[PDB]
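J.: output the structure for:
(chains A, B, C, D and E, ligands or ions: 1)
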Amino acid sequence: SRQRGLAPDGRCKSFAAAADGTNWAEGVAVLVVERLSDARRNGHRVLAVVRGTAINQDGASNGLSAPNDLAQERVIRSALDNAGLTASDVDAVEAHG
Amino acid sequence: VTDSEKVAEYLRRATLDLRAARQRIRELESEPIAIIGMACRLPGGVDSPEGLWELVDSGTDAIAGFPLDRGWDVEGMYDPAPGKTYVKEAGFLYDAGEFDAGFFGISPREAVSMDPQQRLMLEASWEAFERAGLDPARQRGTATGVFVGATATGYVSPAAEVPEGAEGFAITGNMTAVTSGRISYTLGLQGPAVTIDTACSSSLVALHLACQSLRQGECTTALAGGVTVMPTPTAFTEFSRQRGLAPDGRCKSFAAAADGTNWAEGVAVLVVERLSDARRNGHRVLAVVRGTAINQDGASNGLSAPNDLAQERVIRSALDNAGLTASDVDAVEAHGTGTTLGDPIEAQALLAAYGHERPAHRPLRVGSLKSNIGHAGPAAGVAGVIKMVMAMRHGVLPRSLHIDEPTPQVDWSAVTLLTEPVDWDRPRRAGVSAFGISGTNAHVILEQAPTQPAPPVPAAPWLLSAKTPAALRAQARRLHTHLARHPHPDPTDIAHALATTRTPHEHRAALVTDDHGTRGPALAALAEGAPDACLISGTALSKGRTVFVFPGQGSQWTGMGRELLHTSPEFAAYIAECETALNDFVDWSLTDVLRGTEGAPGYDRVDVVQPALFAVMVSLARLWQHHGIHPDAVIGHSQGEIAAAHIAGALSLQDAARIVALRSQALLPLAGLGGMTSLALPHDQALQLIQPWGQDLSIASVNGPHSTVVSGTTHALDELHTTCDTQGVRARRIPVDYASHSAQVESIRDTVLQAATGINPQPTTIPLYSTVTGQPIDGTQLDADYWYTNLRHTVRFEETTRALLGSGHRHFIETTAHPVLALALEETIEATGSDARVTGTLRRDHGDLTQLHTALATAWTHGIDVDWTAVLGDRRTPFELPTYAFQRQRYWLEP
Amino acid sequence: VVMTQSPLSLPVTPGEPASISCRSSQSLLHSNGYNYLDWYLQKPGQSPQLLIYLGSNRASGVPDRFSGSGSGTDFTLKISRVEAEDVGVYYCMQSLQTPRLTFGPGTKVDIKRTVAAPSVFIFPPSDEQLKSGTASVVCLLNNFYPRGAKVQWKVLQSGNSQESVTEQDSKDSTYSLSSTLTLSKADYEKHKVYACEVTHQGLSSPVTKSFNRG
Amino acid sequence: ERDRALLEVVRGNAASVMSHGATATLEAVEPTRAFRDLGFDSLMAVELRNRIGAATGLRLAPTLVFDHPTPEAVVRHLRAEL
Amino acid sequence: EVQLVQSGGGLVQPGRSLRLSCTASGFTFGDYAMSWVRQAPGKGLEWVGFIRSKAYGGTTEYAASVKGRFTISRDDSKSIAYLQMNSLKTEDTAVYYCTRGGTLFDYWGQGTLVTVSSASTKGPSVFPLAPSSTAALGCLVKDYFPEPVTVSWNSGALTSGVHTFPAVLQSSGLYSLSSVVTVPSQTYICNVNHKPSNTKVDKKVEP
Ligand SMILES: *P(=O)(O)OCC(C)(C)[C@@H](O)C(=O)NCCC(=O)NCCS
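T.: Numbers count the residues shown, from 1 in each chain, chains lettered A, B, ... in the order given. Below, you will see the structure:
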């Protein structure tokens, strides 16, 4: 609240014209992941498959807390390249928001 | 062609591609990583890895009493039960609160609110980059990873209503993720910044993750490190309830007197990259991490208990990852906590894993850094690898302290402890273990780095720089001390290392001398700040456009350019080009005039001095450009403008040579009719002073606000000289027999129009400032009438310099053989209240490479970027310079 | 004799894959179960380089996006990702029959864009060259795509015209053509009108431009 | 004389915000050094905004530390709308 | 790392001998069969010839158009391939490429531009092209044998709309390119700089 980085109403209005901050929340979320070949060999019901992934760093952004646009698009492109896909092959995106 | 020979080429292509793919697999899984740099701060006064080596080799015990400035109730919290501890000494960084907030841009507010883990880790990372031969400021934008093994030891205490002072920064200043994030934010790194929480194994796990990231191409270089600080003594109190800490505080590693484990602070970081990348980039390789492994125990007798099976498994996995047999390594940096429970299990694991088939005369030598400094915690493994790295570098395994006898809990009868130091066919290899309390066992294997000239440039500048003058003095003193303990280092290598592998900070200084007897005293005088002959100092400007200045006559002296002709090949080539251009329009050669060959004309003649001045100035300006100082503007003065017109690109070399030669030849008949006199007065005062003489005299050039040259007939010139002597005005007669910039030139006017005939002006590539018009002039306008006006109309150097300063230009480099306009330029600069700095290239009786490098160093000290690669070389032998001399201040949170 | 043919040109864009197909006049599948075919790339200004050999086996150092496929007579080179660096001439070249007289016309690959009609501009012959003793007339086309527009001179001379084509532009990927027709002084002063007729797939009609000085 | 006084006020406020409590850093704010180079965040940015607005009695934008990164630029901006 | 570096080009009048050397460094030169493949300006690739490895016998084969006139040899000791071009014809102008492998050209050299013609060095003859009467104007360079020749509009001031077409060889053996600019419906000068003749011709284009 000192940084004024929270929503006064508490709702996490993502990508909205009336968005005015974020809000924290508790939660645990875990995935049991395996190689696709191993999963098929063992016969486990594959719920989905992560094809490619990538991580990078903002670098000398406007601040330690603030994000970096170039780094964001760079990690998106790196994830696509690792996946072996192009931008047109993705239907939706679970934005951080 | 036959079918057999046809399919043979296809088979060759196929098998070559097969070999390429197999090599790709090999370098994509089992790639040796190179430790190109390191930096540690561990208890016992250790500040550098060399400090660590001299500490551990000497056998020093770096355990001392608890700190008193941290607010601990040290007299009260000692009791050899309910909430007290029975240990009064451990390894501490008493300067843990010391941090250079200003250097990294951090505020004192953020610094005191920030965890000392981050504060230590930033400086450690900067020093690790510096010790790798890399400039951290040049690492901005690179895909460099950051992998830190840290933990939330608790400095702001989030569970206790965080203090008012550290309000707002207790997230950014204390999240363990921000410990890795802040390194990349400050240094501008782009690779992932991941912090790892694994208790007493986090740093070696971070090294493992950095190795995997580099092997996959996600990073070019990586920072693998760890940090441990103790804001509160709780780690002693909680571990005192169970008899885990030693009663005296000594980690008796693997000894019969093992009775506990004392904790310790410390930060330790490595800068690493792929071995092939290190070889390609020409970085010095300290050691080679061949393989790594990490696993768990899981089924341990209690959560916080060890397991010999898991330790054996991770050791074997690390050996297999590196593709090395167990007998390959001849040393292990065991964890060696000192606990009665932990030591026998670790010794049994090492004996089962490593020593099972070794020769009967090369036992595995086991030691531990914890015996010297105590249990570092997160930063244990990344300090142990530093210890093994320096052990391999110096070829001697240091002794492990406090081993009165090997512990009887394990059957040694293969593996032996390092009771005393031992010295060292095949490369040296050594293992390091970082077994944790959460069950995450880790292990790395390091190997000795594989075995890896140019002529020395004379008068190589030694460059130093720092954020503040005190930091600059500290840098000079540190460099002097480092050079004192070195057997005759190569000065050119030191110059290259200082120029390339160190950031150019604001406050700069330079040492330019061609003898190895004055550099030491110069470094000293820099240390205490006294002046010296071969010493230059200054404050570099953040921004400013560069100017080349081309005065007219006066900047001549016999022998100018003679030394440069032999020493400098680029200057020789430019003089040769000027000579070839000039040959057709004159009856002698430039090289003979400059070298003083017998029978060649002297500089007394007007027609030979001006072409010589033009050629020397053009060659010097082109040499400046060759050294990387590309001008943002050019300005001239009478004939010098012609040279400027060449550098701006408006006039080709042939056209400029034609103009200067024919103009001087047409000026020859004016000799003896009149001359010039330089008097120091304002323009208006000189103008109204010349009023009685009328058309006889005229204002030849307004050099500055109190420096004007008046040209005219010899009789009138002498009359004005007598009048000035009566009036007490410092009037000086220039050595010239010709009254340029006066009415007399009209007598030769048509001939001047013949001088510039046939030229082909072009638009200026670099903005040229005409001293006649007083503002920038289009390049195509340089016609014959313009040159006649230049010879006739008064020079307005002061006005155009004021305008050029108004356009944001701040550096004025005179490309002369001796500065002649520096006084007027500085007078104008101080008159207009600007911060521009004037420089010259050569000086009277000074035209060798030493003076050239002095001018270059002065320009660099003023803040002009200089391509030191051209001056010094593309690549010299690496030199280990001292790291930055941080000016630290205490930053700690009070209750 | 074996003959191989591919499309003359195939415009492409970065953003969608492509496939350069080509067919032989004979079953290239050798008795050892290998299609003795190779695929080479020649970039503008660089030497030719190998891409594929024996139909599908990719050469080391080639990007993985390239992939050869097919058998018998019909073969294809599929590119998943199209890049500006990959623009050039692609030659599918057999090796079952030797010696190979020539590679063939190849298959030009260029950046695809919206169709644009050419800007026709017939220029006059300057009098200075007329007194020099030679006549030359130049027809200009600028900002048109794709290449291959055919220009003819009606005076219907077809033995004195020489054409020059600019390479694909870096900015807007346009093309330009310049066709010069040369004639002698006596030959020049025989007909009082000369027309340039240009045909292009982007042109609705053959927009002619005439010039009547003689 | 107004520009010097405004620069002094800006330097004093920036030093006070930059320090946790209680001279060395007062001179560390030279007119040329960028505020971001001094390590200023959104929190200290809004604190400088409030302090400068209270001193000058003027409502400023909440990013008057990076739109005009140098203190001299801030002085110019203040002198503009005043 | 495999490297092939060619040399021995240069201008040659027709009907004399010439040598093209191509040095190999980074592989066993002896085992490979070694090929030369030419490419005329504007035309497709055209194989010239090749030589088998010394183990196979070292024999040579050549394209149908180069029987006898052309010869291939190899210095295996220092690993260079030599193309001896005897009695050059006017149509042999091309960019000769040096390649490894008789049947599979896995790697190619940088290529040596060998140009052959009877024309000697001339200077350019620049002619104008008046604007039509959305506006285009140009100057045509004519009668220059050697290459390259540069054209700059307003001494390089004009860059937008400039289309310097490639040079074309006339039946007389003289090259003639042409520079044109599409102006938007002040003075327009073009400068033709020809280094082999040291010519710096300038010309205005006006209706
Ligand atoms: P200022 O811009 O430095 O701080 C204001 C802020 C607290 C709103 C800012 O730090 C911020 O939150 N930027 C966005 C960060 C983000 O979107 N995700 C990071 C994880 S919440």
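
J.: tell me if residue D:16 really is in a helix.
T.: Yes - assessed by DSSP: H, G, I helix; E, B strand; the rest coil, residue D:16 belongs to a helix.

J.: count the residues that sit near it.
T.: Using other CB atoms under 10 Å in any protein chain shown, the number of residues around residue D:16 comes to 16. In this view, the C-beta of every residue, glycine as well, is placed from N, C-alpha and C.

J.: once you drop chain neighbours, what's closest to it?
T.: residue D:51 (7.6 Å; CB to CB, 6 or more residues apart in numbering or on different chains).

J.: in which helix or strand would I find that neighbour?
T.: Assigned by DSSP states H and E, residue D:51 belongs to helix D:42-56.

J.: show me what that helix is packed against.
T.: The contact analysis (3 or more CB pairs under 8 Å, 6 or more residues apart in numbering or on different chains; DSSP states H and E) places helix D:42-56 against helix D:2-18, helix D:71-80.

J.: in the longest one, what counts as buried?
T.: Read that as helix D:2-18. D:6-7, D:9-11, D:13-18 (16 or more other CB atoms under 10 Å in any protein chain shown).

J.: elements contacting that helix?
T.: Using 3+ CB pairs under 8 Å, 6+ apart, helix D:2-18 sits against helix B:108-113, helix D:42-56, helix D:71-80.

J.: would you turn the ones you listed into CSV with distance to residue B:259 and mean neighbour count?
T.: Shown next, in CSV, are these (distance: least, CB to CB, whole Å; neighbours: other CB atoms under 10 Å in any protein chain shown):
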stretch, distance to residue B:259, mean neighbour count
helix B:108-113, 38, 25
helix D:42-56, 49, 18
helix D:71-80, 60, 18
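
J.: surely residue C:213 meets residue C:124?
T.: Yes - Residue C:213 lies in contact with residue C:124 (CB atoms under 8 Å); the separation is 6.7 Å.

J.: those two: who's more crowded?
T.: Legend: neighbour count by other CB under 10 Å for residue C:213 and residue C:124, higher for residue C:124 (16 against 12).

J.: not counting sequence-adjacent ones, nearest residue to the more buried one?
T.: In space, residue C:124 is closest to residue E:130, 5.3 Å off (CB to CB, 6+ apart).

J.: the one you found contacts residue C:126, correct?
T.: Yes - under the criterion of CB under 8 Å, residue E:130 makes contact with residue C:126 at 6.8 Å.

J.: hmm, back to that, and of the buried residues of helix D:2-18, the nearest to residue B:722?
T.: residue D:7 (52.4 Å; CB to CB).

J.: report the contact partners of that closest one.
T.: D:31, D:71-72, D:75 (CB atoms under 8 Å, 6 or more residues apart in numbering or on different chains).

J.: go with 6 Å
T.: Counting by CB atoms under 6 Å, 6 or more residues apart in numbering or on different chains, residue D:7 touches residue D:75.

J.: phi first, then psi, for whichever residue of chain A sits closest to chain B.
T.: As assessed by CB to the nearest CB, chain B sits closest to residue A:60 within chain A, at 3.7 Å. Note on residue A:60: backbone dihedrals following degrees, to the nearest 10 are phi -80, psi 70.

J.: check whether stretch A:5-22 contacts chain B.
T.: No - using CB under 6 Å from any CB of the partner chain, stretch A:5-22 stays clear of chain B, with a minimum separation of 10.0 Å.

J.: OK, contacts around the closest residue to the ligand within chain D?
T.: Per CB to the nearest ligand atom, residue D:42 is where chain D lies closest to the ligand, at 2.5 Å. Listed by CB under 6 Å, 6+ apart, the contact set of residue D:42 reads residue A:3.

J.: ok, residue A:82 touching residue A:52?
T.: Yes - using CB atoms under 6 Å, residue A:82 is in contact with residue A:52, at 3.5 Å.

J.: distance check, the residue nearest to residue D:16 against residue B:794.
T.: Separation of residue D:51 from residue B:794 (CB to CB, to the nearest Å) stands at 55 Å.

J.: ok, residue A:82 next?
T.: 71 Å.

J.: one more: residue E:49?
T.: 75 Å.

J.: again with residue A:52
T.: 73 Å.

J.: cool, and residue C:163?
T.: Distance from residue C:163 to residue B:794, by CB to CB: 60 Å.

J.: cool, residue C:129 as well?
T.: From residue C:129 to residue B:794 the distance is 50 Å (CB to CB).

J.: these two: which is more packed in?
T.: Just comparing residue C:129 and residue B:794: by other CB under 10 Å the higher neighbour count belongs to residue B:794, 19 against 16.

J.: residues in contact with that one?
T.: B:699, B:741.

J.: swap the cut-off to 8 Å and go again
T.: Applying CB under 8 Å, 6+ apart to residue B:794 gives the contacts B:698-702, B:741.

J.: ok, residue E:17 next?
T.: E:84-87.

J.: any bit of stretch D:23-30 sitting next to chain B?
T.: Yes - shown here: stretch D:23-30 in contact with chain B (CB under 8 Å from any CB of the partner chain) through D:24-25, D:28.

J.: which positions within that stretch qualify as buried?
T.: So, applying 16+ other CB under 10 Å, buried residues of stretch D:23-30: D:25, D:28-29.

J.: then stretch E:72-79?
T.: Buried residues in stretch E:72-79 (16+ other CB under 10 Å): E:72, E:74, E:79.

J.: report the angle between the helix holding residue D:51 and helix D:2-18.
T.: 140 degrees (axes from the mean of the first three to the mean of the last three CA atoms, to 10 degrees).

J.: how far is helix D:42-56 from where the chain is centred?
T.: 8 Å (CA atoms, centre = their mean, to the nearest Å).

J.: distance check, the residue in chain D that chain E sits nearest to against residue D:61.
T.: Nearest to chain E, among the residues of chain D, is residue D:67, at 35.3 Å (CB to the nearest CB). Using CB to CB, residue D:67 is found at 7 Å from residue D:61.

J.: for the one helix or strand residue E:21 maps to, buried residues please.
T.: Using DSSP H and E, the element containing residue E:21 is strand E:18-25. Buried residues in strand E:18-25, counting neighbours by 16+ other CB under 10 Å, are found at E:18, E:20-24.

J.: the domain parsing of chain C - what is it?
T.: Following CATH domains of a matching chain, one gets these domains for chain C: C:1-112, C:113-211.

J.: switch these over to TSV; also include distance to residue E:138.
T.: Output for these, formatted as TSV (distance: least, CB to CB, whole Å):
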stretch	distance to residue E:138
domain C:1-112	24
domain C:113-211	7
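
J.: check contacts around residue D:59.
T.: Residue D:59 neighbours (CB under 8 Å, 6+ apart): residue D:53.

J.: and the residue of chain E found nearest chain D, how many residues sit next to it?
T.: Chain D sits closest to residue E:160 of chain E, with a gap of 35.3 Å, by CB to the nearest CB. By other CB under 10 Å, 10 other residues sit near residue E:160.

J.: same check on the one 5 residues further on?
T.: Here the count is done by other CB under 10 Å, and residue E:165 has 24 residues near it.

J.: same check, this time on residue C:13
T.: By other CB under 10 Å, 11 other residues sit near residue C:13.

J.: quick one, phi psi at it?
T.: Taking degrees, to the nearest 10 as the convention, residue C:13 sits at phi -140, psi 150.

J.: same question for the one 10 residues further on.
T.: Main-chain torsions, residue C:23, degrees, to the nearest 10: phi -120, psi 140.
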